[PDB]
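Below is one structure, written out as structure tokens, with a few remarks after it.
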Ligand SMILES: CS(=O)(=O)Nc1ccc(C(=O)NCc2ccc(Cl)cc2Cl)cc1
Ligand SMILES: CS(=O)(=O)Nc1ccc(C(=O)NCc2ccc(Cl)cc2Cl)cc1
Ligand SMILES: CCCCCCCCCCCCCCCC
Ligand SMILES: CCCCCCCCCCCCCCCC
Ligand SMILES: CCCCCCCCCCCCCCCC
Ligand SMILES: CCCCCCCCCCCCCCCC
Ligand SMILES: CCCCCCCCCCCCCCCC
Ligand SMILES: CCCCCCCCCCCCCCCC
Ligand SMILES: CCCCCCCCCCCCCCCC
Ligand SMILES: CCCCCCCCCC
Ligand SMILES: [K+]
Ligand SMILES: [K+]
Ligand SMILES: [K+]
Ligand SMILES: [K+]
Ligand SMILES: [K+]
Ligand SMILES: [K+]
């Protein structure tokens with residue numbers, strides 16, 4: 001019966017698909033409820049500023065303002081952005097799949113080489129990230145070999161301590177790879193604390209919106225700043241990969257628990273109705 | 001012997017790190033050599049267009065002109081169309097726009113053309129990403145499994161008609177990988193690129209570039225399917241959703257294959273360096 005396992009697979013995939021669609025719907029409702037008011041409050045103010053500059057300076061016509069805005073929009077397509085270090089940063093955003101998009105190619109050959117460069121570099125950087133994660137995991141394994149010997153002899157017994165080990169992992173990881181770089185970014189980039197943490201998360205998840213980019217403004221930066229951010233990205237991508245995998249394992253455990261809890265509720269309602 | 005394998009591991013990691021740094025250097029040089037000239041030729045023309053209107057109206061405070069451009073750029077980051085002949089505008093956080101945004105979040109594509117401005121929006125975005133990326137990983141693994149089983153049903157038909165006389169076991173896997181790459185580039189790259197070229201108005205190279213940047217989850221945001229205010233068949237965007245799901249699975253498989261090819265090439269080059277050393281001109 002080869003088809004039966006395919007049917008089980010399709011049912012599991014359909015359930016996960018429905019869960020993902022429902023997750024997207026809930027997220028859409030929440031994001032709309034959070035962003036619609038500010039969107040309206042800024043769209044009214046920009047229309048106010050338009051007539052504000054029409055009335056504060058009668059020297060500008062109504063017709064020449066639209067041509068000015070047209071040229072400004074023509075200029076936003078271009079934005080040095082392709083100097084020595086800018087293209088290095090761009091190749092980094094490409095092979096890491098972060099893709100901030102603040103710098104993107106406009107030449108046809110630029111796009112062709114970007115396609116080839118991504119297709120070849122994403123796996124290579126994957127190898128590098130796997131190696132870095134292995135090294136970091138062996139370091140943290142020496143650390144847990146030190147921690148699970150001083151507390152493994154007295155009060156708490158096992159099976160429950162694997163959770164404590166994961167807790168120590170998450171805590172020190174949020175300290176080293178999130179909190180400290182967030183403070184450094186808050187002080188150097190001029191971002192807020194929430195903005196810094198938001199940038200850290202959007203970058204280390206490889207989402208990379210591009211609204212916040214470390215080194216992106218035209219601020220003077222110390223010679224060690226951007227390379228240290230490179231190193232932080234290297235190690236933090238490994239850390240966040242580990243964290244996302246752990247969250248996935250937790251979701252797996254929760255899914256099994258919820259399947260058997262649905263079984264429990266059904267098995268109770270059944271023999272409860274049968275008591276006539 | 002944990003220390004011996006750890007030392008071998010660190011040596012391999014350092015070699016891969018040097019290779020990656022060299023790859024980045026070469027990429028940087030190529031990208032600047034390709035994009036700097038047009039950048040300069042456009043900055044000179046933008047300064048020309050600047051000075052044409054800078055002096056044509058001396059009655060403007062001229063400093064507030066640059067500050068106005070500053071304000072316009074600060075407001076364009078959210079999505080504005082400040083025109084007088086079209087004062088009515090379309091929303092970027094409506095029912096389906098935020099749906100598309102959540103999609104870009106959990107897939108880590110992150111086009112960023114529309115991004116949250118509220119503080120609570122950013123906090124919920126962090127939580128939403130941290131919870132959704134693994135869930136979507138499960139979904140993508142399931143879709144890849146389904147696609148692989150369909151490909152297995154196809155190869156069960158194909159790998160029996162070509163079983164002639166001299167047939168080897170390992171050499172037909174090459175034909176399987178070839179047919180895989182061909183049919184995948186047809187279904188997940190070529191056909192959606194044609195559809196995007198005709199519907200979005202993009203060029204062929206722009207359409208293929210968008211497909212590649214999106215299915216690799218890079219997501220610059222310069223090209224977004226469904227992003228303009230045209231009309232769309234209403235049957236367009238859900239088909240793009242399905243294409244993104246299956247093409248993300250396909251591209252994960254293809255990138256893994258490219259990694260395996262890189263492994264083989266690295267082994268061949270390591271042993272070729274060994275051979276070159278052992279020969280070293282007679
Ligand atoms: C206006 S600009 O954007 O053209 N200027 C630059 C901006 C940033 C950087 C840079 O190296 N930042 C650290 C870094 C390293 C690797 C990765 Cl993947 C991401 C990041 Cl943020 C360089 C130039
Ligand atoms: C100016 S706007 O950006 O606000 N307008 C829109 C732009 C695009 C879409 C859309 O659904 N495209 C298909 C799609 C689906 C899921 C994912 Cl993850 C990516 C993509 Cl491209 C909707 C609205
Ligand atoms: C106007 C058409 C442009 C076509 C693409 C031009 C750039 C081609 C990329 C050059 C690749 C060089 C590979 C070097 C390998 C070491
Ligand atoms: C055949 C059943 C497959 C299981 C798929 C659904 C299981 C339920 C998953 C529940 C996840 C709840 C946590 C989501 C984030 C709070
Ligand atoms: C951030 C929003 C999280 C809400 C996502 C859904 C939570 C509840 C899902 C319950 C799914 C029940 C399936 C049970 C399968 C046996
Ligand atoms: C179902 C309540 C009204 C919804 C009206 C249209 C919602 C979807 C708009 C299309 C946005 C692209 C999403 C792809 C199809 C779900
Ligand atoms: C005239 C329309 C077709 C011309 C443009 C087709 C795209 C150019 C080739 C696509 C990139 C080549 C993939 C190479 C992968 C190693
Ligand atoms: C100690 C292990 C050394 C092996 C590291 C990789 C060696 C080969 C790297 C060059 C091949 C990958 C890029 C090929 C570009 C065409
Ligand atoms: C498109 C970018 C091409 C980059 C090709 C990198 C070539 C450098 C390979 C380095 C070979 C090192 C061999 C070491 C053997 C122990
Ligand atoms: C989604 C269809 C799969 C059937 C098995 C799961 C029962 C329904 C769960 C929602
Ligand atoms: K990835
Ligand atoms: K991305
Ligand atoms: K982006
Ligand atoms: K990504
Ligand atoms: K991105
Ligand atoms: K963008």
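The count begins at 1 with the first shown residue.
If you check the header, you will see the structure was determined by X-ray crystallography, 3.0 Å.
Heads up, the Cβ atoms here are built off N, Cα and C, so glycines get one too.
Record features (Swiss-Prot):
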type	residues	note
BINDING	A:97, A:206	K(+) 4 binding site
BINDING	A:97, A:98, A:206, A:207	K(+) 1 binding site
BINDING	A:98, A:99, A:207, A:208	K(+) 2 binding site
BINDING	A:99, A:100, A:208, A:209	K(+) 3 binding site
REGION	A:2-12	region 'Important for GNG4 binding and L-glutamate release in astrocytes'
REGION	A:97-102	region 'Selectivity filter 1'
SITE	A:81	site 'pH sensor'
TOPO_DOM	A:133-162	topological domain 'Cytoplasmic'
TRANSMEM	A:13-33	transmembrane segment
TRANSMEM	A:112-132	transmembrane segment
TRANSMEM	A:163-183	transmembrane segment
TRANSMEM	A:228-248	transmembrane segment
Quiz item: Does the transmembrane segment (A:228-248) reach the transmembrane segment (A:112-132), going by 3 or more CB pairs under 8 Å (6 or more apart in sequence)?
Solution: yes
Quiz item: Reported as an integer number of Å, what is the Cα distance between residue A:208 (K(+) 2 binding site) and residue A:98 (K(+) 1 binding site)?
Solution: 5
Quiz item: Can you count the other CB atoms that lie within 10 A of the CB of residue A:207 (K(+) 1 binding site)?
Solution: 28
Practice problem: Go ahead and report the DSSP secondary structure tallies for the region 'Important for GNG4 binding and L-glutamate release in astrocytes' (A:2-12): helix first, then strand, then coil. | Solution: 11 helix, 0 strand, 0 coil
Exercise. Round to a whole number and give the Cα-to-Cα distance in Å for the pair residue A:81 (site 'pH sensor') and residue A:100 (K(+) 3 binding site).
Key: 13
Quiz item: Near the transmembrane segment (A:163-183), which same-chain residues lie under 8 Å Cβ to Cβ, leaving out any that are not at least 6 residues past its ends?
Solution: 140, 144, 147-148, 156, 193, 196-197, 199-201, 204, 229, 232, 235-236, 239-240, 242-243, 246
Quiz item: By a simple count, how many Cβ atoms lie within 10 Å of the Cβ of residue A:206 (K(+) 4 binding site), its own Cβ left out?
Solution: 22
Quiz prompt | Listed binding-site residues adjacent to ligand 11, that is, members of A:97, A:98, A:206, A:207, A:208, A:209 whose C-beta is under 6 A away | solution = A:97, A:206
Quiz item: Which whole-number value in Å describes the distance between the Cα atoms of residue A:98 (K(+) 1 binding site) and residue A:209 (K(+) 3 binding site)?
Solution: 8
Exercise. Whole-number Å only: compute the distance from the Cα of residue A:206 (K(+) 4 binding site) to the Cα of residue A:99 (K(+) 2 binding site).
Key: 8
Exercise. Using DSSP, tally how many residues of the topological domain 'Cytoplasmic' (A:133-162) sit in helix, strand and coil.
Key: 20 helix, 0 strand, 10 coil
Exercise. For ligand 15, pick out the recorded positions A:81, A:99, A:208 that have a CB under 6 angstroms away from one of its atoms.
Key: A:99, A:208
Quiz item: Quick one: 11 residues missing from residue A:79 to residue A:80, so how many Å between their CAs?
Solution: 10
Self-check item: Distal contacts, the topological domain 'Cytoplasmic' (A:133-162) - CB-CB under 8 A, six or more residues away
Solution: 168-169, 235, 238-239, 241-242
Practice problem: For residue A:207 (K(+) 1 binding site) and residue A:100 (K(+) 3 binding site), determine the Cα separation and express it in whole Å. | Solution: 8
